[PDB]
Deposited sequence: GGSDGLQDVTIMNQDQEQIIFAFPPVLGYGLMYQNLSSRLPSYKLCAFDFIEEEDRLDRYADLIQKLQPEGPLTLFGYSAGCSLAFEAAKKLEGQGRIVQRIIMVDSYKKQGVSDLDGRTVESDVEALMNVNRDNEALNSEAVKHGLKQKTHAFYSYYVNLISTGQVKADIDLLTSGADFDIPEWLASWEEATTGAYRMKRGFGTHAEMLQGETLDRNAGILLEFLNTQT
């Protein structure tokens, strides 16, 4: 608390009812999903920034409990945000919440300590959004912190939530320190090939193409 409870989160499409909790790419800022939000008009997006503190999972769970206290949860991630979303899902399920699904955009499960940081940094070298006073101050440190978290992370266990993965239009060979999400869920693991290279999937013209597939994932039911 103190200054505000909505610390580290940006709400988009605020008049919608269905909520998606989105974890940021490696740069660390949820504002990077502003354009994606315009392509998911029927969904309210609670876009998180990367929380650097060691108890970040407790903080995210607390924010989610406040933003959507009841009902099944839908999480989303892109880049390093995919691993963070997986870790947040385990945290939430361990608290007794039901996570219906996690939507992942072209990133895999961390299997060992030992990458798209420079590409993403190059993309937004001169991005107005990340130029505000609030961001400029902590941008360098937040990106470094998220990068450090990702490289050292080793994700274990499973979630019950279904996992949907939108893969890049380009070919990719899974590294030894990475793995598919197949064994990471006792639910259904679904994937569909999208458009563009990893670093451009949620921006420009490829975004329009990819948003359509993300809506297919979201509009799925049994």
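- Within the chain's deposited sequence, the coordinate-free stretch is confined to 115-122.
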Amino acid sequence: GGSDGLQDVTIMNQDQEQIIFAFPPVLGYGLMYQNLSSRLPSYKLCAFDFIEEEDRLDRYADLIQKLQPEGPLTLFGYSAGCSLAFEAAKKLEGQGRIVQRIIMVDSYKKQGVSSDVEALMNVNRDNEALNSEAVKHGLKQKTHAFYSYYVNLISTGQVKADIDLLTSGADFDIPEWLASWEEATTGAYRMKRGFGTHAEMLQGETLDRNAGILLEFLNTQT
From here on, numbers count along this sequence of modelled residues.
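- In this crystal structure, the stretch out of 61-69 and 22-30 whose C-alpha atoms carry the higher mean B factor is 61-69.
- On average the C-alpha atoms of 136-144 have higher B-factors than those of the other stretch, with 136-144 and 96-104 being the two compared.
- Per the deposited coordinates, the residue with the largest Cα temperature factor out of 47, 170, 163, 36 is 170.
- Residue 184: CA B factor in the middle third of modelled residues in this chain (values from the PDB entry).
- Residue 153: CA B factor in the middle third of modelled residues in this chain (values from the PDB entry).
- For residue 10, the recorded CA temperature factor ranks within the lowest third of the chain's modelled residues.
- Among all modelled residues in this chain, the alpha-carbon of residue 79 has a temperature factor (C-alpha) in the middle third.
- For residue 109, the recorded CA B-factor ranks within the middle third of the chain. Only modelled residues enter the ranking.
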